[PDB]
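K.L.:
Test case, fold it:
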Amino acid sequence: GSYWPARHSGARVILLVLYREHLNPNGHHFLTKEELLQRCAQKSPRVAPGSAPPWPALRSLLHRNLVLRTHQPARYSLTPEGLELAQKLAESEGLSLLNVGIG
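P.N.:
Numbering: from 1, shown residues only. Let me share the structure:
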C-alpha cells in the first residue's frame, strides 16, 4: 500500500517473524530479541551463521507503531500496520512459517 520494505530486509524479516508467533495463542503473541535471532534461521536457509543483518531497526519500527516494545526483555509485538504488512510478507513465504514440515 504505502510502506513496503525490501526482500528479506531487516524491517520485513522482523514483522513477518513476529507475525507467526503472534498467531500463536498458546505461544505468546511476541518474542524476545534473543528468540527472534533463532527464528530468522528458518526465515531463510541461505542465511549464514556468521551473518546477522541490521536488526536494531526494529526499534525504529516501534516508532512507526508497527511493532511493540515491552518490559525489557522488550517483548516485540505486531500492531495493526505490522499485522497487515506481515500478512503480505507471509504470502511470499507461502505463509508456511509458523507451521513447517517440508523435507
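
K.L.:
Would you tell me what helix or strand residue 35 is located in?
P.N.:
helix 33-43 (DSSP states H and E).

K.L.:
ok, and for that helix, which residues are buried?
P.N.:
When burial is assessed from 16 or more other CB atoms under 10 Å, helix 33-43 yields the following buried residues: 36, 39, 40, 43. No exception for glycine: its C-beta is placed from N, CA and C like everyone else's.

K.L.:
The chain: helices as residue ranges?
P.N.:
10-22, 33-43, 57-64, 80-92 (DSSP state H).

K.L.:
For the last one, name the packing helices and strands.
P.N.:
It refers to helix 80-92. In terms of contacts (3 or more CB pairs under 8 Å, 6 or more residues apart in numbering; DSSP states H and E), helix 80-92 is packed against helix 10-22.

K.L.:
ok now the helix it packs on, how far from the chain's centre?
P.N.:
When distances are taken as CA atoms, centre = their mean, to the nearest Å, helix 10-22 is centred 1 Å away from the chain's centroid.
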